[PDB]
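Residues per chain are reported as follows:
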Amino acid sequence: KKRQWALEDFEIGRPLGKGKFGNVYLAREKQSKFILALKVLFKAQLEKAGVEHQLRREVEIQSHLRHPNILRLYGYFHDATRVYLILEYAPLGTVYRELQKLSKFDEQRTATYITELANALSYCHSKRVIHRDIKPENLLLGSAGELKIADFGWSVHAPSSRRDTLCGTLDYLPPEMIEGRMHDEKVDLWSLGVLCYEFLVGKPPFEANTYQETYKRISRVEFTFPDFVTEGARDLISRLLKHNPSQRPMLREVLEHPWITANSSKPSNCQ
Ligand SMILES: Nc1ncnc2c1ncn2[C@@H]1O[C@H](COP(=O)(O)OP(=O)(O)O)[C@@H](O)[C@H]1O
Ligand SMILES: [Mg+2]
Ligand SMILES: [Mg+2]
């Protein structure tokens, strides 16, 4: 802290993206000319939805984490109607957007994102911090195209129970999570498998037309591989998507998986 910011301190720019209770804008600090992102939240909306506490966890957890593959939060401020989170600006956008553009990624790009992701999560887990909402819309890209995990509104310390109502898609969530059961860091490992599959295939493994059917797919762990997915990718993905949390690999096992080391351009680091 030691810098109480206010809106007049920034020149607001173009909309970077859309959030649940406000948008994110590009912005520049008037004095230093530092470019960053401003996440805007409408108080009325936060309170009405009763998620004021997730915003609080997001600020406290993210402002304290320091890792190259984790989006920094510099601070916050608010006015009559709004809260503003000052974030590290991510120039290359979201992985969600990169996936819509390319339809699907090659093994090198996929393996490299998985490595950056695993590294980031390795650092979170060493503090028993579970992200629990790892989705491509929350995976951002730095100036070098490196992956950055953002949106810690669902993060919590492990072990944990689920007190909050789910809202969006169930696609990236493991069984223990969609069932409200107790859970831990292994939740993020399941999500990693879902991402690996979607990066390579172009759509998540349990995708279905309805919430009710997606829920069935996830519970029964019902997924199949298109012919083009290689043996190595199938192996890693099948290891990650295990119904029993304890059967899922440790991040180190993921980082040293032969298929990952063979295709990843960047080095692992859970060291
Ligand atoms: N630091 C950032 N740099 C660039 N774009 C961002 C940044 N933060 C968020 N966005 C964009 O805003 C969208 C929503 O932001 P997010 O922080 O996930 O809000 P919410 O908690 O409502 O989901 C993202 O999916 C992305 O498109
Ligand atoms: Mg988000
Ligand atoms: Mg959020």
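Residues numbered from 1 in each chain as written, not as in the entry; some residues may be left out. Chains lettered and ligands numbered in written order. Heavy atoms only, no water.

In its metadata, the entry names X-ray crystallography as the structure determination method and reports 2.30 Å as the resolution.

Some remarks on the domain arrangement of the protein
Per the domain assignment, the segments making up the protein are domain 1 (5-93) and domain 2 (94-271). Relative to domain 2, the C-alpha centre of domain 1 lies at a distance of 25 Å. The partner domain 2 presents 31 residues to the 21 residues of domain 1 that form the contact. When domain 1 packs against domain 2, the two sides together hide about 2,100 Å² of surface, and 55% of this comes from carbon and sulfur. Our count for the contact surface shared by domain 1 and domain 2 stands at three salt bridges. With a shortest N-O distance of 3.1 Å, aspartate 164 and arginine 57 are connected by a salt bridge. Our enumeration of links across domain 1 and domain 2 arrives at 14 residue pairs in polar contact. Broken down by element, the side of domain 1 that touches domain 2 gets its largest block of residues, seven residues, from helix α2 (residues 52-64). Of the residues that constitute the side of domain 1 that touches domain 2, the class distribution is eight nonpolar, seven polar and six charged. (Domains from an automatic or database assignment. Contact = heavy atoms within 4.5 Å. Buried area = accessible area lost by both parts, 1.4 Å probe. Salt bridge = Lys/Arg side-chain N within 4 Å of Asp/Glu carboxyl O. Polar contact = N/O pair within 3.5 Å; in protein donor to acceptor, adjacent residues only side chain to side chain. Helix = DSSP H or I, 4+ residues; strand = E, 2+ residues; numbered from the N terminus. Nonpolar A, V, L, I, M, F, W, Y, C, P; charged D, E, K, R; others polar.)

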